**Q** 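This is the structure, below, for whatever I ask next.
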Amino acid sequence: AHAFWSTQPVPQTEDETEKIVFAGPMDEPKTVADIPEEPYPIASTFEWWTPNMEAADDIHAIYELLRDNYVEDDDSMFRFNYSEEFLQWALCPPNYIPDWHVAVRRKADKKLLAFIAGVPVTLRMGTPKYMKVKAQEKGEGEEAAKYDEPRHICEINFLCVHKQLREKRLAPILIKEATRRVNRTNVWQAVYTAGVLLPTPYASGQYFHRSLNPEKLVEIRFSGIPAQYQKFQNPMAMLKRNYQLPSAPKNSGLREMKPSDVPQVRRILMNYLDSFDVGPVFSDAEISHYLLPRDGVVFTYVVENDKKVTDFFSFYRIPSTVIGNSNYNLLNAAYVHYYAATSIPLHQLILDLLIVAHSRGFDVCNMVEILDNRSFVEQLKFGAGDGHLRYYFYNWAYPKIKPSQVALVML
Ligand SMILES: CCCCCCCCCCCCCC(=O)SCCNC(=O)CCNC(=O)[C@H](O)C(C)(C)COP(=O)(O)OP(=O)(O)OC[C@H]1O[C@@H](n2cnc3c(N)ncnc32)[C@H](O)[C@@H]1OP(=O)(O)O
Ligand SMILES: O=C(Cc1ccc(F)cc1)Nc1cc([C@H]2CN(C(=O)C[C@H](O)Cc3ccc(Cl)cc3)C[C@@H]2CO)ccc1Cl
Ligand SMILES: [Mg+2]
């Protein structure tokens with residue numbers, strides 16, 4: 001059934017997955033020395049390309065490939081339109097490896113045809129807590145703790161094959177060449193997410209959306225007026241009323257994050273993420289990179305009364321193309337990013353997120369049910385969307401966990 005994934009070091013069935021009790025590798029340990037020096041052979045009409053992310057033109061080429069060919073919703077009404085500034089931020093964290101950005105171009109004109117990207121991430125990915133309890137009961141605590149230390153691995157994103165090249169098994173070649181490049185740096189695990197079912201996820205979660213401009217959402221058919229609203233004389237006016245927000249934040253102390261907050265946000269964030277089974281470990285340079293505000297891309301606010309950062313939240317922006325509306329070209333969506341609350345309840349912190357996003361002209365706020373995102377879905381009037389996001393490892397055996405035990409946000 002899976003000619004490519006059946007040759008790879010991943011759990012092959014949910015049964016396979018059910019028998020996993022400890023984290024650790026799937027494969028045979030290998031060395032850099034064992035891995036072929038040369039790129040994987042490709043058809044003579046194509047060529048491998050490593051784009052330079054410091055070069056405006058190379059970012060622009062990847063931006064056009066994704067603008068026209070990347071992920072669409074299931075009804076083909078919307079397609080993600082990551083900006084060039086977003087791609088530079090996502091693709092180039094501190095100590096990124098330029099060789100992990102893998103492209104295929106057509107030789108005859110240098111047209112970009114396929115892309116995949118890897119970035120370094122440091123991830124806690126040891127045995128989950130529930131499985132450590134079961135281990136203690138069996139007397140098997142040392143095996144359970146072997147891979148407890150944060151690991152330097154690759155996070156894969158942005159796999160995209162041009163529409164004209166679909167179903168020609170081009171995706172497997174990209175994945176194998178990315179794997180070769182990552183392995184040649186002595187990294188043997190990757191983490192990736194997808195909104196498709198592949199062999200075989202370690203967690204799965206629903207998407208959630210919070211309307212901020214319901215009249216536009218209904219006009220572009222992101223949203224429907226629900227049936228229940230028909231009992232009203234003016235269904236749309238009641239819908240707008242239901243989702244209305246304050247103009248200004250409720251928490252005094254709220255202000256944009258600035259560089260001097262980095263150490264305190266790193267502290268409160270790392271203390272929070274600690275509670276989760278799978279989650280990233282960020283250095284000060286990484287906190288700086290992923291959280292300091294960047295126009296049009298990432299927005300971060302802290303709660304500081306009496307000169308101490310006690311809470312913060314962040315969100316990032318991705319516009320989507322609206323495929324053929326006379327009125328609207330773009331859906332401007334905000335995505336919940338990392339956050340930590342130590343002094344106020346999380347629903348009150350995220351309410352300020354929604355108020356900030358609405359004030360800045362976003363149409364909808366989106367999130368996956370990771371972190372503690374469930375604790376605020378009802379009060380903050382989030383609705384479950386369609387389908388599920390699945391989380392995967394490459395070359396890592398891992399027990400199934402709940403999405404509330406996952407703390408890695410994928411951009
Ligand atoms: C240690 C280092 C390791 C680093 C690598 C780690 C692994 C990283 C894995 C990648 C993580 C990506 C994370 C993201 O970015 S998820 C976002 C993926 N991108 C899109 O959905 C954008 C639109 N779609 C496309 O561009 C194409 O349809 C893609 C590229 C998805 C497939 O192109 P195409 O339609 O032309 O298909 P094909 O004939 O070439 O190939 C068919 C084979 O590909 C398998 N397939 C289909 N969809 C996915 C998918 N989303 N992840 C993994 N595999 C997928 C499929 O099951 C089949 O295998 P098998 O069933 O025959 O066995
Ligand atoms: O925005 C939507 C709805 C939507 C689907 C398709 C569209 F064209 C526009 C909107 N879904 C949605 C998507 C995400 C994030 C999940 N996500 C990933 O897991 C990264 C993956 O490597 C690629 C991927 C991209 C998009 C999706 Cl939907 C699923 C997988 C990127 C997405 C943006 O950061 C987080 C929360 C929600 Cl509600
Ligand atoms: Mg193909």
Side-chain angles (χ1 to χ4, degrees), residues 53-56 59 63 82-98 101 117 119-123 150 152 155 157-158 248-249 251-274 279-319 332-344 346 349-350 352-362 365-367 370-371 373 407-411:
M53 254 66 242
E54 289 165 345
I59 299 154
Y63 161 77
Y82 285 94
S83 73
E84 297 162 77
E85 288 83 355
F86 193 111
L87 291 175
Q88 188 160 3
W89 171 67
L91 297 177
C92 305
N95 308 310
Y96 83 99
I97 291 106
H101 296 156
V119 300
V121 66
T122 306
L123 199 67
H152 301 295
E155 174 180 321
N157 208 154
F158 306 110
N251 305 108
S252 85
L254 195 78
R255 53 153 177 92
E256 260 180 306
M257 185 187 174
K258 61 194 175 195
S260 65
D261 297 319
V262 165
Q264 284 176 98
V265 166
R266 170 133 103 10
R267 263 183 266 111
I268 58 162
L269 184 57
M270 290 302 87
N271 191 65
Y272 180 48
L273 297 188
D274 261 321
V281 175
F282 292 128
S283 73
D284 282 6
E286 280 160 348
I287 291 297
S288 292
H289 182 78
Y290 283 118
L291 298 184
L292 276 177
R294 283 195 189 206
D295 282 328
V297 179
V298 64
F299 301 79
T300 303
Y301 286 83
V302 300
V303 166
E304 176 191 65
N305 310 88
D306 302 346
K307 315 182 204 141
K308 234 150 46 53
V309 173
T310 48
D311 318 80
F312 83 97
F313 65 76
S314 180
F315 59 94
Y316 58 85
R317 166 170 181 266
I318 309 165
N332 192 26
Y335 289 81
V336 179
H337 188 207
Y338 289 99
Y339 50 81
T342 72
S343 99
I344 54 174
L346 179 60
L349 178 69
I350 303 313
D352 276 4
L353 190 155
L354 300 180
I355 286 169
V356 169
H358 174 266
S359 185
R360 291 181 176 259
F362 292 87
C365 178
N366 297 321
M367 65 182 186
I370 60 167
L371 295 166
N373 288 349
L408 184 66
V409 179
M410 303 289 314
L411 306 161

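Starting from 1, each residue takes its place in the sequence as its number. Atoms considered below: every heavy atom in the structure, side chains included; atoms not considered: hydrogens, waters and symmetry mates.
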**Q** I need the full list of salt bridge (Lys or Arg N to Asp or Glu O under 4.0 Å) pairs touching residues 283-305, with sequence neighbours left out, sorted by first then second residue.
**A** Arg255-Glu304, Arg266-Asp284

**Q** Tell me every residue that passes ring-ring contact (aromatic ring centres under 6.0 Å, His included) with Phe299, counting only those two or more places apart in sequence or in another chain.
**A** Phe315, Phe362

**Q** Closest approach of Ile355 and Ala248, non-hydrogen atoms and distance?
**A** CG2-C, 3.7 Å

**Q** For the OH atom of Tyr301 and the CG atom of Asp352, what is their distance to the nearest 0.5 Å?
**A** 10.5 Å

**Q** Which heavy-atom pair separates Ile268 from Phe312 by the least distance, and what is that distance?
**A** CD1-CD2, 3.8 Å

**Q** So, do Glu155 and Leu408 sit near enough that their side-chain heavy atoms are less than 4.5 Å apart?
**A** yes

**Q** Would you say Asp311 and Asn251 make side-chain contact, with heavy atoms under 4.5 Å?
**A** no

**Q** Looking at side-chain heavy atoms only, is the closest gap between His152 and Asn95 below 4.5 Å?
**A** no

**Q** Could you grab the distance from atom CG of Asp261 to atom OG of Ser288, nearest 0.5 Å is fine?
**A** 10.5 Å

**Q** Within the structure provided, determine whether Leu87 and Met53 are in side-chain contact (heavy-atom separation under 4.5 Å).
**A** no

**Q** State, yes or no, whether a side-chain contact exists between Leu371 and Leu273 at a heavy-atom distance under 4.5 Å.
**A** yes

**Q** For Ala285 versus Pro94, what's the shortest heavy-atom pair and its separation?
**A** O-CG, 3.5 Å

**Q** Search all heavy atoms of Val409 against all heavy atoms of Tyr338 and return the closest pair with its distance.
**A** N-OH, 3.0 Å

**Q** Return the minimal non-hydrogen interatomic distance between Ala90 and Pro93, and the atom names on each side.
**A** O-CD, 3.9 Å

**Q** If every non-hydrogen atom of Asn332 is compared with every non-hydrogen atom of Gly361, which pair is closest and at what distance?
**A** ND2-O, 3.2 Å

**Q** Name all residues meeting the ring-ring contact (aromatic ring centres under 6.0 Å, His included) criterion together with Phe86; count only those two or more places apart in sequence or in a different chain, and write none if there are none.
**A** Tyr82, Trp89, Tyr316

**Q** Can you tell me how far CD of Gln264 sits from NZ of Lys307, rounded to the nearest 0.5 angstrom?
**A** 12.0 Å

**Q** Going from CD1 on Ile350 to SG on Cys365, what distance comes out if it is rounded to the nearest 0.5 angstrom?
**A** 8.0 Å

**Q** Side chains of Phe158 and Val119: closer than 4.5 Å at any heavy-atom pair?
**A** no

**Q** Using a 4.5 Å cut-off on heavy atoms from C-beta on, say whether the side chain of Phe282 contacts that of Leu291.
**A** no

**Q** At what distance, to the nearest 0.5 angstrom, does CD1 of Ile59 lie from NE2 of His101?
**A** 10.5 Å

**Q** Tell me, yes or no, whether the heavy-atom count around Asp274 atom CG, taken from other residues, nucleotides or ligands under 6.0 Å, exceeds 12.
**A** yes

